[PDB]
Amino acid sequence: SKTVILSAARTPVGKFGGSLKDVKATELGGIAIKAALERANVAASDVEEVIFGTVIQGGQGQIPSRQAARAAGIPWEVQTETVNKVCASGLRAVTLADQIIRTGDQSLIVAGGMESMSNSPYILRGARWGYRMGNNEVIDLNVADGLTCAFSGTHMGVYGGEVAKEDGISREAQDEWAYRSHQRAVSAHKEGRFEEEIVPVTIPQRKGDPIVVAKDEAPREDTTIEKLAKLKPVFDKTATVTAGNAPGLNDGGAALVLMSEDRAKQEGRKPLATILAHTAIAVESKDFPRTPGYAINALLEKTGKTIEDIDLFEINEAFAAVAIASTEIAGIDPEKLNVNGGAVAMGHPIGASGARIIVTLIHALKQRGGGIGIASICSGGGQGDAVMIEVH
């Protein structure tokens, strides 16, 4: 009952309708999974279970995790489940893998997440039994299943703005975090700090030569405080949340290979990282933006560690407001937060983001010579999940 991470791989994150528009979510997951197995030196046929997150499942076909496992070359004989915990899906896949391995039921699991918000369909409610008369709506499945509360219909972006308002986080503080997120992502890319974690995506072409996507699409070298201050409130004209200080709709895949500490020892494998612990909390839907600091505090209490014991943090930038608020709630030095950039700059491919931030955290830790990291992520519907990892 201890879980090691042998490997951690992610695709670049694409913009909505951008570089990965013609790649299915399951293909992005397959690419991440295959790169993780290569980097782990694990044969596909030795995988015992695949646990894969994706949120907008409508129209992906039967059990998307199986499609991603098969796209990776994992044989038919390996069992799989698809999991949905909205933004936490990719992280919960990993913490579920940790739990299953700690029972001894399995010793080698692939876990991660995938999303192609570019390829989400539109739906027709009412067409099955008939509209009869009067106009009806054609519903963006990203909006219906990902971006709006199932209880109130309110957009996540309205809840983000309401929390920023109640927490007293200014427009100017949010635009400063957005700027810093862009500058750290462009810097990390230029200086080669994403080279190790990224598996490029090759897109067969109508033309002759294949398109290679090797870089995160959304970071802007040319964004500035001045340009961000010009943008308009997107969800409410009185709020502070804009397109510039909120993450986009995005496409991406992320995968990790997990193994029992005991099996890795016996096989003579040097793990990339160890899972020390994880916890989740839940609050009302409208308070989802508050959860990452609560989840971090809950995990510190669980482990008996203090904030000063943590070398780096990845808090998913659900909004810039959420990185700032969660910094206050947990008393985090922002110099140790999202040091290679975060979702405001890099995007939020919902089902992948939870696994993506672990992949980024591991490599950020390796880059500063190892240490202890927490990845924390809030999720629509009002949950927060956090995991503590060690890179030796």
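When you see a residue number, it is the position in the sequence shown, counting from 1.
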Mean C-alpha B-factor comparison - 166-174 and 204-212, higher one: 204-212
Average Cα temperature factor in the PDB entry - higher stretch of 292-300, 115-123: 292-300
Which of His189, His155, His278, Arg128 ranks first by CA B-factor in the deposited coordinates: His189
Selection from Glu317, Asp262, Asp98, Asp145 [criterion: highest C-alpha temperature factor in the record]: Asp262
Relative C-alpha B-factor of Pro334, binned into the chain's lowest, middle or highest third: highest
Ranked against its chain, the third holding the CA B-factor of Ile324: highest
Record-listed C-alpha B factor of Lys305: chain third: highest
Position of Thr224 among the chain's modelled residues by C-alpha B-factor, lowest, middle or highest third: highest
B-factor third for the C-alpha atom of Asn135 within its chain: middle
